[PDB]
Amino acid sequence: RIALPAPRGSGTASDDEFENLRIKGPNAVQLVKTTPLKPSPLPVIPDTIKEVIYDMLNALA
Amino acid sequence: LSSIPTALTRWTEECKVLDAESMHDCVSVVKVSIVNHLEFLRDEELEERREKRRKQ
């Protein structure tokens, strides 16, 4: 997500008018923030990928 | 150990070998889709923030 810079000044008529000018201005500094971690489940390994991984482990011996 | 190269470094090697100059072009093509989406969400969140301030 592109970052939101702090509210410069409370007040919508003046401060937010120049806050849209700043954040949305053609020339701006779009810093990045990460989203909060979503609870990813582990991907199931396909059987052929397990006959590829197992063949190296057998090559250990 | 930190000596083991990260996926990004292996992909970097792959990219170099398979496309030295076309990587920048793909970054530009994908950028066109990412920045537009993230700016849409930035403007929606910003509106939400102004709204919450007004309701405050």
# chains A, B, ... in the order shown; residues from 1 in each chain; ligands from 1
>>> interface_residues(of="chain A", to="chain B", cutoff="12 Å", atoms="only C-alpha atoms", output="VMD selection string")
chain A and resid 1 to 7 9 to 13 15 to 17 19 to 20 23 to 26 28 30 to 35
>>> select_by_dssp(residues="chain B", states="helix (DSSP H, G or I)", output="ChimeraX atom specification")
/B:7-18,22-55
>>> atom_distance(atom1="atom CA of residue A:29", atom2="atom CA of residue B:31")
15.7 Å
